[PDB]
6 protein chains.
Amino acid sequence: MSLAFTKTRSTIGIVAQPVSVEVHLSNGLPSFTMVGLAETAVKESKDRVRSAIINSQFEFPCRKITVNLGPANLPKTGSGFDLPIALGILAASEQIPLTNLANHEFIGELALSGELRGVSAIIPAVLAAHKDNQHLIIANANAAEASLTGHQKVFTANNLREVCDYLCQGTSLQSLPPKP
Amino acid sequence: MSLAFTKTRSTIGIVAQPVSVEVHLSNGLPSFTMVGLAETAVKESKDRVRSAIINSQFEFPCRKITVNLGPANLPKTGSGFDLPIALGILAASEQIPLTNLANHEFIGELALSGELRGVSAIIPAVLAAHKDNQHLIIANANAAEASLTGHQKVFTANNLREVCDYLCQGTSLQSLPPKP
Amino acid sequence: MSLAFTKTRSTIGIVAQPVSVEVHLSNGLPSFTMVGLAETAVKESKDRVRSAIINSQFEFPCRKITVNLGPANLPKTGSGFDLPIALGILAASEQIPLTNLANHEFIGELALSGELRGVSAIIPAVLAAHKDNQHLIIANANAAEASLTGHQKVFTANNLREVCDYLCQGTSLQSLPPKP
Amino acid sequence: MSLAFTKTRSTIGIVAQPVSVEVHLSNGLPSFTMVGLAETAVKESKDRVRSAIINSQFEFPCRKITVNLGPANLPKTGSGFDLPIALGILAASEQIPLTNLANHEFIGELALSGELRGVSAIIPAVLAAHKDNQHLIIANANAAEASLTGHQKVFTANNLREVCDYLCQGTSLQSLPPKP
Amino acid sequence: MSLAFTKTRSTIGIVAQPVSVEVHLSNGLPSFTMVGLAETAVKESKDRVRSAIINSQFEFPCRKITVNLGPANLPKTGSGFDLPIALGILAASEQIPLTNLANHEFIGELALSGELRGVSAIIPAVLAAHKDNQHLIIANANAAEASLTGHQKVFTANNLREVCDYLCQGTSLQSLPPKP
Amino acid sequence: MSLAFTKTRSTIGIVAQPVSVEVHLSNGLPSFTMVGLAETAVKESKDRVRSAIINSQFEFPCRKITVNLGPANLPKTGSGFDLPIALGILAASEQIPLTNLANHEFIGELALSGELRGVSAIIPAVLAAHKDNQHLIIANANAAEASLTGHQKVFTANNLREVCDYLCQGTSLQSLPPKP
């Protein structure tokens, strides 16, 4: 069977509580289910992620998908849950080796072309990821904001193809710009 | 490809936050998903855009239509998203050459005849468009309001066919009144 | 094509905003879609219009109906939108020549037999139609209330067949009784 | 044709406004639509009346029933709309001659088996039916409250077949208020 | 005829209002419809009744059930409507002699297996049953609370099959153990 | 037959009322019904439990599931109802002997891999289970919180297979950490 456990961060107040996106593909009819108290802003990432995956020259599963963005108590608010979901889908469809996601935290928003967009309130997530020793991968638009941290384990990408190539083969991504 | 990008502006308060209308025509059955936090454009812009496209002697895709409006975490209020969405559908269906959509914004609401009615609070959009060096193509009913600025590279249109010809061809569209 | 426009009024407070009912018949399956922020009272006019057209010895289209009500950002409240919509459907289905609907403004709801019924707050609509020099056609029940103002160029009908006859061949259509 | 115009009264505040319950059996698949701002306590009248009409040895049409009860903009709120709706449905089915509902106002809900039940706030309906010159009909349970007025033309009954007889062949409901 | 009039008591304020649970069984496709102001806790009772009936080695009809618990204007907020509904459905499909429900008031919910459970605020129901001289039947768990009154004629049971046998044959379920 | 009961606790106020979980597998089409006053956080457990059962190398019933968690008046508002539901489903589908669950109480949510996660406020459940003398089984993440009571019979586990072996085979494992 195939299931993937991607990591990310959700901000509640000042602390970015860890969140564990958990995709799981079944053999039933091609539905799409999201649980874990997903707010409307994050409950509509279904079609957005579908388009961002199809447009990046990938195979979007024709299978019963079931995302589980939850510790079931915490409601999810931000819009940065598209990159974790897309990478979880790809990893659970065997298009990405699941061992690449060992210790990475992904935060990003996907357009309909696969291009990544900048989420808001990124600093708490970067601080939490640094404190947890995890690698963080964010959209280019947040590179300027996260440059202050000066943490050497943060990478920024332009689109989903960049992140997929980095995970599968490690093409160096883009690092973060120098501290101001 | 079947992916098109368009630009418009949503007015919250006094600022006109740029919006990125993204249309992606998939291969499934007829659908018109409109992700992005639209309130009254959700289920109303669909039918107006469909009828305006059909009545202007255009092919309406018999596919799964996914429309994603600008930033995900930004409620979108006005009714002027019919022209950007219609042009995005036409571009994604190749009925318009999308290589000429880069420098132009679009604002307006479409009737069922393909005619362009006048949206409210338009001058902020003109200011923003000129600041960014973009052509702003608005409905004829807002020509009076747009003429105050006298900004060059701004235009106004009677119906959707006028704009589609101004893009496919290069016919001068309407210009603006000199300064009534 | 199968596309007809009608005019009516929407009374809020002391001002009767102009509303342009727009009807389009497409080739899809049977359906009836309203647009323009129509409230429950307005949005429930579908069945009333259907039965009023059917019982008046007219032909109700089997096509997909699509009614767009005037400005897309103005909620519609009154119940007098049944007559404009019925006339729009008949005009779009070629049952009526649509040149007659040029300068007239129609108000008044429809019973299930095709007979017209009165609607509250009719004086502002009469005033607005007077300022625009538009032939107003209202339900016969509203004659006893409108005629007190002694305003001419306003005609009152009892059933949809009467209005259709007046538009097709100018068969009188009664008139507001003397001020008495 | 298939149409019927029953009558009843709706009580808001102290006054009881006239409410013309109307029916139209259109050709098509089985269906049932209750137009006219009907609240839930009226919207279950669908099943209530269907069961009453199949438990009173009557025929329930297999046609697209369309029960409109206006004035449309009046928020019907009571629950004694089952009897007028059932009578109108029967009349539109040519089971009850429609020449008998000319001067009869009906009130009182229907039990699942056919027996009429008592609705609250009946006195204002009695007062209005007195100030219209109508044969007001109520459930037997309301005889105690109708007696206080002592008015005539206030016949009452226990089940549907009692009131169907008072209309078709067998007159003399013979349940006038106990005391003048 | 597949009809059954069971009875129960609804408690609002201090008085236990009478409730007449009425069940019909049409000849259509399988369905289920609860009529009246059935609150959430009541309308979920459909599956509870179905499971309790199936597990008790009874026969669940494959018909278009239609449960109506009047009056239609009194909210049914309690949860002890499960047992009366199950008994009515059984009696409708010639599974319980209808006559045996002559003067019995049933209160208490069910589980999937059919075992009865206690309900809150039982004393007023017993007081009303004594006043109206009905053979009240309550859940076994409610026996302890229904002792302070000390009224006779009140029976208790744990399984729905016990009540079915008592109604069909008569087995003296229990005797409401006395108090000092 | 295919009916299985499981026990758990819901914290309402300061007390942990028992919540009997009941699972019924009918013969109809594949479905899933959660009867009882279950909030979104609880009725979103269908997908979680299905995925946890499938991914643990178990068999998920291809039947009309019907989950009831009584009483039908307590607003079940916890987040650790997934483990009792999964255990009940497995027992109902003759996958776990039903005699094992006769004395144990279960708590803890599930992931899409079957691993158990830590619910909030486990202490009241431990206190109530000790008072009633039931073997409480909780997720490993709650071991630290459950250690500060000193009560034995608080065995823990990491995934569904662990608890299944604990019941089926008897591989008792894990326990409260010493007594800090």
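Throughout, protein chains are lettered first and strands after them, A, B, ... in sequence-line order, and every chain is numbered starting at 1. Below, all heavy atoms of this structure are taken into account, side chains as well, without hydrogens, waters or symmetry copies.
- Residues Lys64(C) and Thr33(C) bring a donor and an acceptor atom of their side chains to less than 3.5 Å of each other.
- For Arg9(E), the salt bridge (charged side-chain N to carboxylate O under 4.0 Å, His left out) partners two or more places apart in sequence, or in a different chain, are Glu105(E).
- For the residue pair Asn55(C) and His24(D), a side-chain donor N or O sits within less than 3.5 Å of a side-chain acceptor on the partner.
- Within the structure, salt bridge (charged side-chain N to carboxylate O under 4.0 Å, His left out) pairs that include any residue of residues 168-180 of chain D do not occur (at least two apart or interchain).
- With sequence neighbours excluded, no residue satisfies salt bridge (charged side-chain N to carboxylate O under 4.0 Å, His left out) with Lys43(D).
- Atom CD of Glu94(C) has 12 or fewer heavy atoms from other residues, nucleotides or ligands within 6.0 Å.
- A donor-acceptor pair is defined here as one N or O able to donate and one able to accept, closer than 3.5 Å; such a pair exists between the side chain of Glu39(D) and the backbone of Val42(D).
- Separation of atoms NZ (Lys46(C)) and OG (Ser51(C)) is listed at 13.5 Å; rounding is to 0.5 Å.
- Ring pair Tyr166(C)/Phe155(C) is tilted by interplanar angle, where 30° to 60° counts as tilted.
- With a 4.5 Å cut-off on side-chain heavy atoms, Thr6(E) and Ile85(E) do not count as touching.
- Contact check for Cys164(D) versus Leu167(D): no side-chain heavy atoms found under the 4.5 Å cut-off.
- In this structure the side chain of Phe81(D) never reaches within 4.5 angstrom of the side chain of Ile107(D), judged on heavy atoms.
- Atom OG1 of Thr149(D) is separated from atom CD1 of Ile123(D) by 5.5 Å, given to the nearest 0.5 angstrom.
- Side chains of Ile89(D) and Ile65(D) form a contact here, defined as non-hydrogen atoms less than 4.5 Å apart.
- Contacts of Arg117(D) classified as side chain to side chain contact (heavy atoms under 4.5 Å, CB included), with partners at least two apart in sequence or in another chain: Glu109(D), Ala111(D), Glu115(D), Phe5(E), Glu22(E).
- A donor and an acceptor atom, one from each side chain of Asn158(C) and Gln174(C), are located under 3.5 Å apart.
- Considering only residues two or more places apart in sequence or on other chains, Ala52(C) meets the side chain to side chain contact (heavy atoms under 4.5 Å, CB included) condition with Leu110(C).
- With a 6.0 Å radius and a threshold of 12 heavy atoms from other residues, nucleotides or ligands, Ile12(E) has its CD1 atom above the threshold.
- Contact annotation: the side chain of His151(D) never approaches that of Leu127(D) to less than 4.5 Å [non-hydrogen atoms, C-beta and beyond].
- The shortest side-chain heavy-atom distance between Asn142(C) and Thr156(C) does not fall under the 4.5 Å cut-off.
- Checked by atom type and distance alone, the side chain of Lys76(E) never pairs as donor or acceptor with a backbone atom of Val19(E) at under 3.5 Å.
- Counting only N and O atoms by type, the side chains of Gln95(D) and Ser93(D) include no donor and acceptor under 3.5 Å apart.
- Within the 4.5 Å cutoff, side-chain heavy atoms of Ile137(C) are placed close to those of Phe106(C).
- Contact of the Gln134(D) side chain with the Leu136(D) side chain is not registered, since no non-hydrogen atoms from C-beta on lie closer than 4.5 Å.
- Residues satisfying the salt bridge (charged side-chain N to carboxylate O under 4.0 Å, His left out) test with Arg161(C), not counting sequence neighbours, are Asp165(C).
- The CG atom of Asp132(D) sits 8.0 Å away from atom CG of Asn103(D), with the distance rounded to the nearest 0.5 Å.
- Applying the 6.0 Å contact sphere to CD of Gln169(C) captures more than 12 heavy atoms from other residues, nucleotides or ligands.
- With hydrogens and angles left out, the side-chain atoms of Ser26(D) and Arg50(C) include a donor and acceptor closer than 3.5 Å.
- Between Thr66(D) and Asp47(C), the side chains place no donor N or O within less than 3.5 Å of an acceptor N or O (distance only, hydrogens not considered).
- Judged purely by atom type and a 3.5 angstrom limit, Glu44(D) uses its side chain to pair as donor or acceptor with the backbone of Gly36(E).
- Remark: the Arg63(E) side chain and the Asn27(E) side chain contain no N/O donor-acceptor pair separated by less than 3.5 Å.
- Within the model, atoms OG1 of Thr171(D) and CG of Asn100(D) stand 10.5 Å from one another, a figure rounded to the nearest 0.5 Å.
- With hydrogens and angles ignored, the 3.5 Å screen pairs no side-chain donor or acceptor of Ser56(C) with any backbone N or O of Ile53(C).
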